[PDB]
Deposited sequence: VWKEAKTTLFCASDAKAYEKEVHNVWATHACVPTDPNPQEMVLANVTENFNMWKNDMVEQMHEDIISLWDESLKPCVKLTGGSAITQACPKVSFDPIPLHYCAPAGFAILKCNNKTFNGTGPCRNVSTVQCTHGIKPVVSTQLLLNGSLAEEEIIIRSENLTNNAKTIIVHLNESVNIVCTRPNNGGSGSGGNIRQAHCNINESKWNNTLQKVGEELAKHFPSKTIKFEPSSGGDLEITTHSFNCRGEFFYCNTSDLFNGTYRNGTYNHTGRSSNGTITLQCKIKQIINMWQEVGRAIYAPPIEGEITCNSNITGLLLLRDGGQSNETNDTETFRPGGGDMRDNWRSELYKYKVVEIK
């Protein structure tokens, strides 16, 4: 009664047209208010196939957020190799709002129900919602500052585990808190006790598909500062937190040992607000004004990892933090969805 197809999806939102922040501003002249009562036509005994790495919905979400950052958080001077531009660079409120994405009439979004679904292959339990659940679009490398969590066991996501060129996405089960501040040279704060427990159980799942090997965690192997260093954006400020002591441990025999230089039972990552930024959206460099005066703090809860396995021959797989392409972030949320035409 249905087949797979492509459609120009529209976004649903619970935003407000009276807010200062550029997210509510955008999500009103670009999105349609929520239902908020969608129908859950859930039925069993029907199997469907999904693929989070070749999914059409991801590219559309990538497009709208691109227009968001471009017209919202405006820089001072951009460089496009042979053609620069100068404009006004006003500071503004910057806090993401959870968004939805819906299919028009004649089309339908299929939803998997197997909470242990990795991201590719068939799925026994299917349902149909006209839209998608509340999803917060957070741009962040290495770590996923905000997202959902599976109440079930930890799931590993990759287009191919055998392919070391494919970025690995780790969907956790328990939330891990992260606090990045700028008192009146910044820094993050992560609870080592929780962090040790998380990487303990991550290794158990990594040693499932790679049993014989001892799992490791080394810092990034190099590249731009945006990818090597865990970069994000709090209230419009481009933070770059040194992660060299965050990913510095070893997992063997069902136990994980972290180095990490924890000077007070808490992981401290030296952050720094930059003004020269390699743009993730368009190819070029964008310059910004110095931070705001006062406190700059946002309490985040990392729900996922972005890792890349090193290739070669030693019965010991080392994993370094990755990312770069912001599509992967939204694949870890849209993994359970797919566009399907009713006709």
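Counting from 1 along the deposited sequence, which stretches lack C-alpha positions?
-> In the chain as deposited, 185-195, 325-328 carry no coordinates.
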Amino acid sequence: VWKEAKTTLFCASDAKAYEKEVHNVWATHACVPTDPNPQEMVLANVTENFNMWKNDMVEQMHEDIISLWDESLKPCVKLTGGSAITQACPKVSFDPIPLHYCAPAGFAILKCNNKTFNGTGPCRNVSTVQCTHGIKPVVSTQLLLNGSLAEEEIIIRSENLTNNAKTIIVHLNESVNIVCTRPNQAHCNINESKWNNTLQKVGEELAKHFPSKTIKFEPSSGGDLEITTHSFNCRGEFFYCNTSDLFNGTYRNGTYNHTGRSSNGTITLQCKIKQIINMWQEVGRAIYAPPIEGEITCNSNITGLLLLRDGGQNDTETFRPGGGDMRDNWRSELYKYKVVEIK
From here on, numbers count along this sequence of modelled residues.
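Each form is matched to the other, and the largest set of C-alpha atoms that superpose within 1.5 Å is called the rigid core.
State which stretch is farther from the displayed form on average in 8 other deposited structures of this protein, 77-85 or 106-114, counting RMS CA distance after fitting on the rigid core.
-> With the rigid core superposed, the C-alphas that lie farther in 8 other deposited structures of this protein are those of 77-85.
Do you reckon 252-260 or 165-173 strays further from the shown form in 8 other deposited structures of this protein, measuring C-alpha RMS after a core fit?
-> Of 252-260 and 165-173, the stretch deviating more in 8 other deposited structures of this protein is 252-260.
Other entries modelling both neighbours but not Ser300, at least a third | Negative; every one of those entries includes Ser300.
Across the other PDB entries of this protein that were compared, is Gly311 absent from at least a third?
-> In at least a third of the comparable entries (those modelling both sides of it), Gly311 has no coordinates.
Taking the mean of the C-alpha B-factors per stretch from the entry, tell me the winner out of 277-285 and 36-44.
-> The entry gives the higher C-alpha B-factor average to 36-44.
Can you tell me which stretch has the higher mean Cα B-factor, 187-195 or 156-164?
-> It is 187-195.
Residue selected from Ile215, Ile169, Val92, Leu225 by maximal Cα B factor | Within the set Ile215, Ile169, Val92, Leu225, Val92 shows the top C-alpha B-factor.
For the listed residues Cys123, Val138, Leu206, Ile85, which one has the largest C-alpha B-factor as given in the deposited model?
-> Checking the PDB record, the top C-alpha B-factor among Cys123, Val138, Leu206, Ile85 is at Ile85.
Chain thirds of CA B-factor: placement of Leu110 = For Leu110, the deposited C-alpha B-factor lands in the middle third.
Which third, lowest, middle or highest, does the CA B-factor of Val339 fall in along this chain?
-> Within its chain, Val339 is a lowest-third residue by C-alpha B-factor, going by the deposited values.
So where's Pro290 on the chain's Cα temperature factor ranking, which third?
-> Answer is highest: the recorded C-alpha B-factor places it there.
Lowest, middle or highest third - CA B-factor, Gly249 | Its C-alpha B-factor, which the entry lists for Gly249, ranks in the lowest third among residues of this chain.
Based on the entry's values, in what third of the chain does the Cα temperature factor of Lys201 lie: lowest, middle or highest?
-> Answer is highest: the recorded C-alpha B-factor places it there.
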